[PDB]
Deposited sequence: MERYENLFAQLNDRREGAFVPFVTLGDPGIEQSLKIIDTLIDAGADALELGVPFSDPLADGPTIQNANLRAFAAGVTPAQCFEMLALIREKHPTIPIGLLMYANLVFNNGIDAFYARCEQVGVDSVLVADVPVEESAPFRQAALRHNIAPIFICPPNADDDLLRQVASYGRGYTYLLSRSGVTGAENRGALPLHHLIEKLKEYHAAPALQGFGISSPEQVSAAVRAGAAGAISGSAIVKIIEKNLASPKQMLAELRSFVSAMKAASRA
């Protein structure tokens, strides 16, 4: 939790928004994933959103579906993901680390024990993609007990009861959903941003379909705290599977361009 509050305070002092990429842990392999993640940080990433591979990711479009299967093709397991997460934290003390989870992986060995393991390896937040605010009570309670920010989705079809709910219950950042549907860069909000600030919500990050520098600058201009980009990054991985070195160079140039767009 603490790392998001420190990041957003620094970004505002630097008159910058946050750029936050998403990747699947272990896509396309453990060793290459760790190099991917270090490149994203070194290229300008302000925080990370990291997926644990799951058998049935019903909130992901085809780009991240294939990322999960690539990770499964490498034999990646949740336990290997949490060893990666510890190593990532040991290398990067200030970078906020958020997890994108599916409910069964959090519930499998006990919800409280999941969040305790998150605290032990230094994760900062957890978004559970198939837990709506209506079902969130045991997840957010376990999260807070272990100093983990529970991340809530503010959809575009939200009403004022939902806005007050996400504002009260969330920490770290509010995930400002761009649109209906699933994750993807094939399918490309100021009103919600003001009410969220009115209700003292966690700072807002827009996600779902951010693929271009113009969209990052748009999120900052709308008064959001930053923008999240998952499929655009994963697509670069998917394009360059045969050339690991080119993959990192293409990742570096995209992240650098997206982070540059967050100054204004």
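Problem set entry | Stretches of the record's deposited sequence for which the structure holds no C-alpha atoms | No C-alpha coordinates exist for 189-192, and that is the only such stretch.
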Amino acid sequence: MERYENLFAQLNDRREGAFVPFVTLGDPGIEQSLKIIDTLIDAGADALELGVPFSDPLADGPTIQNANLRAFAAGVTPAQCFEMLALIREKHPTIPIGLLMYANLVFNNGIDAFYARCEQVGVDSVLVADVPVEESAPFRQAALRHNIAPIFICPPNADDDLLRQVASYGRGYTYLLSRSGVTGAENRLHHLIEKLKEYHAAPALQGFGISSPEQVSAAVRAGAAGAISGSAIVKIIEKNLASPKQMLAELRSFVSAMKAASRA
From here on, numbers count along this sequence of modelled residues.
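Rigid core: the largest C-alpha set superposing within 1.5 Å between the two forms.
For this session: Once the rigid core is lined up, would you tell me whether 103-111 or 116-124 has the higher RMS CA deviation in 8 other deposited structures of this protein?
Result: Between 103-111 and 116-124, greater C-alpha deviation in 8 other deposited structures of this protein belongs to 103-111.
Exercise. Of the stretches 228-236 and 50-58, which sits farther from where it is here in 8 other deposited structures of this protein, on average over its Cα atoms, after fitting the core?
Worked result: Higher root mean square deviation of C-alphas in 8 other deposited structures of this protein is shown by 50-58.
For this session: Give yes or no for this: do at least a third of the other compared entries, each modelling residues before and after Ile148, lack coordinates for it?
Result: In all of the other entries, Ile148 has coordinates.
Exercise. Relative to the other PDB entries of this protein in the set, is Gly184 coordinate-less in at least a third?
Worked result: Counting only entries that model residues on both sides, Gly184 is unresolved in at least a third of them.
Exercise. So which stretch wins on mean C-alpha B-factor, 39-47 or 208-216?
Worked result: Stretch with the greater average CA B-factor: 208-216.
Exercise. As stated in the PDB record, which stretch has the larger average Cα B-factor, 19-27 or 5-13?
Worked result: Higher of the two, by average CA B-factor, is 5-13.
Exercise. With respect to the C-alpha temperature factors reported in the PDB entry, which of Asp112, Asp130, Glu186, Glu134 ranks highest?
Worked result: That would be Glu186.
Exercise. Per the entry, which of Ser178, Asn147, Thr94, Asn108 tops the list for Cα B factor?
Worked result: When the deposited C-alpha B-factors of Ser178, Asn147, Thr94, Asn108 are compared, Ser178 is largest.
Problem set entry | Chain-relative CA temperature factor third for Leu34 | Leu34: CA B-factor falls in the middle third of its chain.
Exercise. Comparing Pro78 with the other modelled residues of its chain, is its CA B-factor in the lowest, middle or highest third?
Worked result: Its C-alpha B-factor, which the entry lists for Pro78, ranks in the middle third among residues of this chain.
Problem set entry | CA B-factor placement of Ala71, once the chain's modelled residues are sorted into thirds | As the PDB entry reports it, the C-alpha B-factor of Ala71 lands in the middle third of its chain.
For this session: Name the third of the chain's ranked CA B-factors that contains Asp159, choosing lowest, middle or highest.
Result: Its C-alpha B-factor, which the entry lists for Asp159, ranks in the highest third among residues of this chain.
Exercise. Among the chain's modelled residues, which third holds the C-alpha B-factor of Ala225?
Worked result: CA B-factor rank for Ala225: middle third.
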